[PDB]
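Just the one chain here, laid out as structure tokens, in the form deposited in one PDB entry.
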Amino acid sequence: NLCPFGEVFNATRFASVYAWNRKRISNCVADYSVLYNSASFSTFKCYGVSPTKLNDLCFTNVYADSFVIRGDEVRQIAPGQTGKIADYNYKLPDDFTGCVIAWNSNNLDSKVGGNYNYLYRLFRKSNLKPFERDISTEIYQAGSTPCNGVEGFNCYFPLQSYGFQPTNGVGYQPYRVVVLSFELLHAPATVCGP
């Protein structure tokens, strides 16, 4: 009963970071060797576990979150980080136990003339809590005057696009991120190495 990580890492379509996807992985045997030994990743930072000893561990559940951000935003996908992605789009808790995996996806997610389908949240009345997902599209009041759900001066749509083009600098190129959460509860473990 192999854990279907291939559904997550090799999915054809990835979500925008503001509407990030989550797959709950239970009752299976995971082989993390196929990932950390893989050379396809530009980022593979783990927290609370040593990545090279992952197969010797056992967790209640494992969560795979995936989305697209741009290259210079990958550093924000870590505990304690700040910025519009970490504060308004995807937040990790301080006590995070898991791994953050990313790789350049310029060929899949950039388009001639720009790919404007990937969005991020630019405005919010408060920071996200850890693992919070906000898909609202309410007009944001940035100034003195209320907006009444319509765009006006200092009344902005809260989402913005990247516009990925293949010729972009690598820091502005799209990156696909998978965040594995290793959940340990007071319950029988259901996801283990081989």
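Residues that one form lacks are left out of the comparison. Don't overthink the numbering: it's just position in the shown sequence, from 1. Think of the rigid core as the biggest set of C-alphas that the two forms share within 1.5 Å after superposition.
**Q** As stated in the PDB record, which stretch has the larger average Cα B-factor, 180-188 or 17-25?
**A** For C-alpha atoms only, the mean B-factor is higher in 180-188.
**Q** On mean C-alpha B-factor from the PDB entry, just flag whether 131-139 or 144-152 is the higher one.
**A** That would be 144-152.
**Q** Out of 168, 161, 126, 37, which shows the largest CA B-factor listed in the entry?
**A** Most elevated C-alpha B-factor of the set, per the entry: 37.
**Q** Taking the values straight from the PDB record, which of 69, 30, 64, 49 has the highest C-alpha temperature factor?
**A** In the PDB entry, the greatest C-alpha B-factor among 69, 30, 64, 49 is found at 30.
The form deposited in another entry exists for this protein as well; it is not shown, and the discussion that follows is about that form.
**Q** Where among 36, 156, 131, 63 does the Cα move by 2 Å or more between the shown form and the other one after the core is superposed?
**A** Shifted by 2 Å or more: 36 only.
**Q** Are there runs of at least three residues between the shown form and the other one whose C-alphas all move 2 Å or more relative to the rigid core, and where are they?
**A** Runs moving 2 Å or more: 35-39, 143-145.
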